[PDB]
Amino acid sequence: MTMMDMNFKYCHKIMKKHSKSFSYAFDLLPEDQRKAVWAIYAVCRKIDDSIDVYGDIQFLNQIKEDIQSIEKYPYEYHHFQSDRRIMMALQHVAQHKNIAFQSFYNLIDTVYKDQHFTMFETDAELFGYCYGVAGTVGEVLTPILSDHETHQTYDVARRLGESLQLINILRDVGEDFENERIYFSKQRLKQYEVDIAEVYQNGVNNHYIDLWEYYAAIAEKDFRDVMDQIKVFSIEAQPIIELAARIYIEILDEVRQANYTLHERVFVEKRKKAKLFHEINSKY
Ligand SMILES: CCCCCCCCOc1cccc(CSc2ccc(Br)cc2C(=O)O)c1
Ligand SMILES: [Mg+2]
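Counting along the sequence shown from 1, when you hit position 236 you're at 236 in the deposited numbering, and nothing is skipped either side.
Dropping the structure here:
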């Protein structure tokens with residue numbers, strides 16, 4: 001097991017540690033591709049976590065700095081300020097593959113920005129956030145999961161990224177509340193006559209259900225769009241990408257079954273995951 005290999009494995013560990021779904025799925029990619037995926041995810045994972053370190057930025061800029069470095073001189077050695085195991089893997093990728101560097105910045109910008117989180121006025125702000133945090137990730141991933149990236153590829157991938165984020169939001173309503181965050185828009189809330197603090201104490205009612213389902217619909221629909229254009233992705237990637245999607249949609253029927261609880265994280269059993277993989281796998 002060589003030296004890069006050792007990096008990609010930290011990267012892998014990190015991915016596997018955060019999201020069990022993504023890993024379940026993207027691990028079934030070919031060697032070349034899944035290792036690049038691992039690199040990217042880890043970089044991003046770091047970017048999100050860079051805040052809970054000292055209680056201040058630092059890092060984040062380092063990470064920005066190490067990235068900006070690779071962007072510039074990809075074939076020179078760098079002494080990375082942040083995490084070296086990761087920045088290495090990425091550099092390796094960056095050699096063999098195109099990288100939407102901008103999108104990393106977009107994501108970093110989004111994280112800088114989230115320090116002064118005020119609630120969203122309107123769904124537009126919400127949708128703008130989803131872009132920042134996930135639409136960006138989809139773009140970065142695009143050269144990895146398709147043979148000839150066209151505007152069209154990028155668009156789908158982004159749209160998938162945004163959807164999943166929306167679902168993860170939908171799943172984490174309680175948990176997010178606890179850390180003084182609410183992602184539903186002020187607008188949508190007033191319209192639906194929901195106060196999240198009140199639901200948290202007194203359990204769900206009909207208004208919450210409806211506001212949640214309003215958003216559940218947006219996701220569901222967007223996921224159907226993406227499924228239709230799955231073909232923009234390379235042949236090996238398609239069933240994998242369908243998998244990750246399916247697993248994530250599946251999260252919604254979970255929240256439903258749990259009666260939209262705000263006092264815990266629902267999950268998709270590993271066994272159900274496999275069941276899905278089988279259904280998809282079977283049709284390929
Ligand atoms: C082809 C389909 C592409 C699928 C894309 C995957 C969706 C997003 O995947 C990600 C992976 C790694 C990291 C991130 C950032 S998470 C994040 C960032 C910023 C802030 Br503020 C809060 C969070 C948070 O989740 O709380 C997202
Ligand atoms: Mg979240």
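Just so it is clear, CB atoms sit at the ideal spot from N, CA and C, and this is done for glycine as well.
What are the boundary residues of the alpha helix (DSSP H) that includes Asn98? Run containing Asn98: none; DSSP gives neither H nor E here.
If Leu243 sits next to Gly174, beta carbons under 8 Å apart, how far is it from one beta carbon to the other, in whole angstroms? Not quite, the Cβ-Cβ distance comes to about 27 Å (not below 8 Å), so this is no contact.
So the candidates are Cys130, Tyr24, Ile167 and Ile51; which of them puts its Cα closest to the Cα of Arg265? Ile167
Does at least one heavy atom of ligand 1 sit under 6 Å from the Cβ of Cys11? no
Within the present structure, is the beta-carbon of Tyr75 separated from the nearest heavy atom of ligand 1 by less than 6 Å? no
Leaving aside the five residues before and after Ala216 along the sequence, list all residues of the same chain whose C-beta is less than 7 Å from its C-beta, in chain order. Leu170 and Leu252
Which two residues bound the contiguous alpha helix (DSSP H) that contains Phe117? Element bounds for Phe117: n/a, residue is neither H nor E.
Can you give the beta carbon distance from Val232 to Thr153, rounded, assuming they're within the 8 Å contact cut? 5 Å
Could you check if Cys44 belongs to the surroundings of ligand 1, using beta carbon to heavy atom distance under 6 Å? yes
What's the C-alpha gap between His207 and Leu28? 41 Å
In angstroms, rounded to a whole number, what distance separates the CA positions of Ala157 and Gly138? 5 Å
Between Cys11 and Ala42, is the Cβ-Cβ spacing less than 7 Å? yes
Residue from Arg271, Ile63, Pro30 and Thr136 whose Cα sits closest to the Cα of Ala237: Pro30
Start-end ranges of the alpha helix (DSSP H) lying completely within the segment 149 to 221, minimum 4 residues: 151 to 171, 173 to 178, 186 to 192 and 196 to 202
Among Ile196, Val226 and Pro239, which has the Cα closest to the Cα of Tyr260? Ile196
Check the C-beta distance from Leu276 over to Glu254 and give it rounded, since I have them as a contact under 8 Å. About 13 Å; that fails the 8 Å criterion.
Would you say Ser163 and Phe223 are within 7 Å of each other, going by their C-beta atoms? yes
Between the alpha carbons of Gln68 and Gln229, how many angstroms are there, rounded? 33 Å
Give the straight-line distance between the Cα atoms of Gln257 and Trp212, rounded to the nearest whole angstrom. 14 Å
Who's in the neighbourhood of ligand 4, going by beta-carbon under 7 Å from any heavy atom, listed in chain order? The ligand content of the structure shown is limited to ligand 1 and ligand 2, which means ligand 4 is not among them.
Once you ignore the five residues that flank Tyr284 on each side, which residues in its own chain have a CB closer than 6 Å to its CB? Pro239
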